[PDB]
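Undergrad: Sequence first, structure after; it's an experimental one.
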Amino acid sequence: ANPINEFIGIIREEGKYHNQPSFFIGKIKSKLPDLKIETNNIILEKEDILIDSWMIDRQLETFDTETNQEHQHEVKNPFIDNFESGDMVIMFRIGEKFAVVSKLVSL
Amino acid sequence: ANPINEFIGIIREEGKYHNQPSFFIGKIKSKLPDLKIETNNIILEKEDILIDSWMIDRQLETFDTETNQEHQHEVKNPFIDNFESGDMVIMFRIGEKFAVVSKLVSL
Amino acid sequence: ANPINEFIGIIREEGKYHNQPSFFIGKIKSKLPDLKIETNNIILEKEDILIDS
Amino acid sequence: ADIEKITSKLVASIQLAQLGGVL
Amino acid sequence: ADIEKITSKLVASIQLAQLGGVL
Amino acid sequence: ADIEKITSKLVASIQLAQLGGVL
Amino acid sequence: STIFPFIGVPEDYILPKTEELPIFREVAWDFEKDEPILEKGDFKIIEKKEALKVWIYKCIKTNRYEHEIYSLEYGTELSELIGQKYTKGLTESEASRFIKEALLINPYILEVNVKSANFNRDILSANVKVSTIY
Amino acid sequence: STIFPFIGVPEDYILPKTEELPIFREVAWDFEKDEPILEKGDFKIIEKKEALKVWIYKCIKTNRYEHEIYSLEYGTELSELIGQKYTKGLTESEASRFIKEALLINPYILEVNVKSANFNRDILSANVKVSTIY
Amino acid sequence: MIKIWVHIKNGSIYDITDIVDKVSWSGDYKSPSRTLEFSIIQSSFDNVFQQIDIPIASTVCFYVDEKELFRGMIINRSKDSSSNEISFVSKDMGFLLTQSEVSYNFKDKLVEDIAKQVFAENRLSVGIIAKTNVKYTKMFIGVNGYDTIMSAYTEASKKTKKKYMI
Amino acid sequence: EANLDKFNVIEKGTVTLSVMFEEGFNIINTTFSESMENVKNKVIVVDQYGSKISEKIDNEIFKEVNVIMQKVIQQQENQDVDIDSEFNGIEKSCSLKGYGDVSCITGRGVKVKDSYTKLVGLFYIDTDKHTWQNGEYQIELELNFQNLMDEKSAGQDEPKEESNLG
């Protein structure tokens, strides 16, 4: 072992001590109204979660059309999606709580 | 103070000089059509912002249904959302402009 | 060249060897049903892509 | 060769300190 | 003990240079 | 001034090793 | 409690005091009768050189390890010379050293010198000079 | 607007150009009668070496520690030699040292030598050579 | 002829040339500040060799041939009991640039104007600034003033075929 | 601290040793130092966004050093930081080699007497080393200065007793 190479390796290793991962991957355990997320043997509650606005917005049950011919129709929202147990999400850590950005599926 | 421990601490500190934060957090000052974002005492204009496509797409005022029984209906879009002043966003820096990915709310 | 400044610069440069970029930017070549993405002279297929729901 | 011996001693000391744990 | 004195001098020089600012 | 000469030798050795490539 | 006087003292800072010993005072003692002295129905107090004389007399007159109340420093070993246990020159050396080491424990005494020494019949004579701060 | 990161004010950092010593001037003195000299109804001012003579006379004539107005370096100690308090050689050496050290405090005086010294009767004689900037 | 003067906080000024034992004066092109090191003799064992004290953060001035070359603050002070010496380390004013840390948004600005604004934000006196008619556009977040100015002038140097320093 | 098979958490300086280091008795050598490098006398608080909300300056430290050296801390939503903890002053140290016992170890307070002024100061031990070789035993300590021990008693604690027991 040449001491110069060992010193260079030591510098490269010790330079990484303070670094933190960019993002986290998590698995859901409960449905969206009472959301629970597990990552790194830690379960998050609703006090610890910031979520994307579109996720909350799209869970609208029903909406109505404008009137015409003295009658109206009711249309059921087809974009509603409550996360099932076992799904994967991408999340970013902001201070003391995690921010959920999107849900990933294999296409 | 043992000099070896001080040297190791110096290496750990100087290894972090070139690192840059992964993401940025910003607060809006003007509504979506003329968007203004403030971060780190810097105000961003429309020349400095790249935005998600869905954010632009969802601000569609109205759409229509197919014809049937010799009549049609007009349905107003219920997913339209213009950001209000004081909302929080997650943004990533690409070259000289920031890219806005999603808006975060506490659920 | 003062040797102390050179040593500090060497430390700052060698501390960055293991770091990896946070994100990547890519441009599509084929439409969504059969999606293909090009980044860093590499073309991704559907075996290599996870997409938003 | 003095630089090589000095570097060897410094490397050994740093490895021992890493094993012991440094705050 | 020579390595300890050399390390002490090196640490002091590096700290002074850090205070002065290095490009 | 001994510390300066030692630092100069260490810097030269590290630069040569960087050029040669280190695993 | 804020200043750091080890490299140097601040110019504005004033030293609190200079350290000096108080005036040595002792109950007067008479040597021909070996008693304390009463004055107007009370103990009489003297100071400085006479008090030092009283202390010196008491220190010379006591034995070193005999009494449990005293420490190992107080007293004098002159009782080991009675009867010519050593030779004459060794006796002179030992007497001088004993007196010097016994007297020098008082902080008010600066230097002791045993100058003269003579042997006549069974009597050893010497001259002792004590230097004090006063 | 802009801060001043140094102790004090910009005025304290102006340094006056350093120049030669200004010409030495002093009130004239009469050695025979020990009086200042008046000329045309005013004091008479002399220059260069005459003023130095006045200053040297006054410095030699005073005693070192007698007066409160003077510092501890002004004056001479030649009064300690009166009456043969030391042997002749010691008195000669000490007189030379006293005169040199007393005179050398003036920045206008460069060197002093005491060369000849003779004891005749009760009188001590000496020769003094002084070198100045003039 | 070298002279050293020291200004103390209360208002006193001393000329310490007759006490100084060794002097060193140096600089490098990769740092904005120059340094001065000197030693004086002060003995605690001997009463004759006791001197004045020079506290931390007092100004020291260096003159050679009646010309002022250095003015700076005292940063380190050390005393060894075996040797009758006290050591000092001083630094130029230039280290004040690296303390500042501001965020800027520059669009189509002259590099000279960038340097002038950086010097003006954290209040500092400007003697003269090199002129170059090169426009720069950059976003600075959490960067020193020294680094900002050097980056702008490197971009100017890409066109002027020159090198610049602070 | 791991003593034998037990783990402990203790606060530094609670135990003060009986032995005192004096120049004329048990000190081989000492080196006293003072430094200004790690001084902080301004604190700036920023919100989550990175925008500044408040700032503060410490006058007592600013009196010693004319310069402003700033520090930046960030508070999240659920924390309200205290500024006064972030200030840092001048550091004063000592490097001592001498004779003592096996009781002088890291985490304890020790007393050193000043020779010129006959004043006693309290120090905290940061590093220690004991060596036995060739029938001699010596110690080396790295000391950090706390304050000057008050002559007699600072607060003058008197034993609070009744004039009459019964």
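TA: Perfect, thanks for sending it. Numbering: from 1, shown residues only, chains lettered A, B, ... in the order given.

Undergrad: Next, the closest residue to chain B within chain J: phi, psi?
TA: Scanning chain J for proximity to chain B using CB to the nearest CB identifies residue J:50 as nearest, at 3.7 Å. C-beta: built from backbone N, CA, C; applies to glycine. Here is the backbone geometry of residue J:50 (degrees, to the nearest 10): phi 100, psi 0.

Undergrad: Keeping just the C-alphas, turn stretch J:134-146 into CSV.
TA: Provided in CSV are the C-alpha atoms of stretch J:134-146 (Å, rounded to 0.1, in the frame of the first residue of the first chain):
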residue,chain,number,x,y,z
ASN,J,134,12.8,5.0,32.4
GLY,J,135,11.4,5.5,35.9
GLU,J,136,9.9,9.0,35.3
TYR,J,137,6.3,10.1,34.9
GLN,J,138,5.1,13.3,33.1
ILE,J,139,1.8,14.8,31.9
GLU,J,140,0.8,17.0,29.0
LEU,J,141,-2.5,18.9,29.1
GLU,J,142,-4.4,21.1,26.7
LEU,J,143,-6.3,23.7,28.8
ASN,J,144,-9.2,26.0,28.0
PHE,J,145,-9.6,29.1,30.2
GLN,J,146,-12.9,29.7,32.0
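
Undergrad: What residues of that stretch count as buried?
TA: J:139-145 (16 or more other CB atoms under 10 Å in any protein chain shown).

Undergrad: Turn these into TSV, including secondary structure.
TA: Converted to TSV, the buried residues of stretch J:134-146 look like this (DSSP: H, G, I helix; E, B strand; the rest coil):
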residue	secondary structure
J:139	strand
J:140	strand
J:141	strand
J:142	strand
J:143	strand
J:144	strand
J:145	strand
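
Undergrad: Can you add distance to residue G:13 and give these back as CSV?
TA: Compiled in CSV, those are given as follows (distance: CB to CB, whole Å):
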residue, distance to residue G:13
J:139, 32
J:140, 31
J:141, 27
J:142, 27
J:143, 22
J:144, 22
J:145, 16
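
Undergrad: ok, now which ones touch the residue positioned nearest the centre of chain G?
TA: Among the residues of chain G, the one closest to the centroid is residue G:103, at 3.7 Å (CA atoms, centre = their mean). For residue G:103, the contact set (CB atoms under 8 Å, 6 or more residues apart in numbering or on different chains) comprises G:56, G:59-60, G:109, G:112, G:130.

Undergrad: List just the nearest of the residues you listed to chain D.
TA: Ranked by distance to chain D (CB to the nearest CB), these are led by residue G:109 at 54.6 Å.

Undergrad: and the closest one, how many neighbours?
TA: Neighbour count for residue G:109, taken as other CB atoms under 10 Å in any protein chain shown: 17.

Undergrad: got it, and residue I:56?
TA: 19.

Undergrad: Over to residue I:33?
TA: Under the criterion other CB under 10 Å, the count of neighbours that residue I:33 has is 20.

Undergrad: Kindly confirm whether my reading is correct that it touches residue E:22.
TA: No: between residue I:33 and residue E:22 there is no contact under CB atoms under 8 Å: 10.4 Å.

Undergrad: Surely residue A:26 forms part of a helix?
TA: No: counting by three-state DSSP, residue A:26 falls outside a helix, being strand.

Undergrad: Next, find the distance separating it from chain E.
TA: The spacing between residue A:26 and chain E, counted by CB to the nearest CB, to the nearest Å, is 40 Å.

Undergrad: so what's that residue up against?
TA: A:37-39, A:44, A:88-89, A:91, A:98, A:100.

Undergrad: if you set the cut-off to 7 Å instead, what comes out?
TA: For residue A:26, the contact set (CB atoms under 7 Å, 6 or more residues apart in numbering or on different chains) comprises A:37-39, A:89, A:91.

Undergrad: which residues sit in contact with residue J:96?
TA: Applying CB under 7 Å, 6+ apart, the residues near residue J:96 are J:21, J:27, J:30, J:141, J:143.

Undergrad: helix/strand/coil for it?
TA: strand.

Undergrad: partner residues bridging it?
TA: residue J:30, residue J:141 (DSSP bridges).

Undergrad: Pop out the phi and psi values for the residue of chain G found nearest chain F.
TA: Here chain G gets closest to chain F at one residue, residue G:7, 23.9 Å apart by CB to the nearest CB. Dihedral angles of residue G:7 (phi, psi; degrees, to the nearest 10) stand at phi -80, psi -50.

Undergrad: What's the local residue count around the nearest residue to residue J:142 once chain neighbours are set aside?
TA: In this structure, residue J:142 finds its nearest non-sequential neighbour in residue J:127, 3.9 Å apart by CB to CB, 6 or more residues apart in numbering or on different chains. By other CB under 10 Å, the residues close to residue J:127 number 16.

Undergrad: in its sheet, what does the strand or helix carrying residue J:127 sit against?
TA: For residue J:127, the host element (DSSP states H and E) is strand J:120-133. According to DSSP bridges, strand J:120-133 has the following sheet partners: strand J:109-113 (antiparallel), strand J:136-148 (antiparallel).

Undergrad: Out of those, which gets nearest to residue A:20?
TA: strand J:136-148 (31.7 Å; CB to CB).

Undergrad: Identify all contacting residues around that closest one.
TA: So strand J:136-148 is contacted by B:1, G:1, G:3-4, J:92-100, J:104, J:110, J:119, J:121-131 (CB under 7 Å, 6+ apart).

Undergrad: ditto for stretch A:83-92
TA: For stretch A:83-92, contacts defined as CB under 7 Å, 6+ apart pick out A:23-29, A:31-32, A:37, A:98-104, B:23, B:90.

Undergrad: Over to stretch I:14-31?
TA: Contacts for stretch I:14-31 (CB under 7 Å, 6+ apart): C:2, C:5, E:20-23, I:2-6, I:34-41, I:51-52, I:70, I:85, I:165.

Undergrad: and the end-to-end length of it?
TA: End-to-end distance for stretch I:14-31, by CA to CA, to the nearest Å: 30 Å.

Undergrad: ok so, going back, reformat the strands paired with strand J:120-133 as JSON lines; add distance to residue D:4.
TA: Shown next, in JSON lines, are the strands paired with strand J:120-133 (distance: least, CB to CB, whole Å):
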{"stretch": "strand J:109-113", "distance to residue D:4": "40"}
{"stretch": "strand J:136-148", "distance to residue D:4": "28"}
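
Undergrad: List just the nearest of the buried residues of stretch J:134-146 to chain G.
TA: Nearest to chain G, judged by CB to the nearest CB, of the buried residues of stretch J:134-146 is residue J:145 at 6.2 Å.

Undergrad: Any idea what the closest one is bridged to?
TA: residue J:123.

Undergrad: do residue A:63 as well
TA: Going by DSSP bridges, residue A:63 forms beta bridges with residue A:75.

Undergrad: wait, it sits on residue A:76?
TA: No: at 8.7 Å, residue A:63 and residue A:76 do not qualify as touching, with contact defined as CB atoms under 7 Å.

Undergrad: Flag every residue of chain J that's near chain E.
TA: Proximity of chain J to chain E (CB under 7 Å from any CB of the partner chain) is limited to residues residue J:37.

Undergrad: So which residues on chain A come close to chain B?
TA: A:11, A:14-15, A:17-18, A:22, A:46, A:49-53, A:56-57, A:60, A:63, A:65-66, A:68-69, A:73, A:92, A:94, A:99, A:101.

Undergrad: all helices of the chain, in order?
TA: Since you didn't name a chain, this refers to chain A. Remark: helices assigned in chain A by DSSP state H are A:3-14, A:53-57.

Undergrad: looking at chain G here, not the other one
TA: So, for chain G - with DSSP H - the helices run G:49-61, G:88-103.

Undergrad: separation between residue I:30 and chain F?
TA: Counting by CB to the nearest CB, the separation of residue I:30 from chain F is 13 Å.

Undergrad: and what of residue A:39?
TA: Computed as CB to the nearest CB, the residue A:39 to chain F distance reads 34 Å.

Undergrad: Name all residues that make contact with that residue.
TA: Taking CB under 7 Å, 6+ apart, we find residue A:39 in contact with A:24-26.
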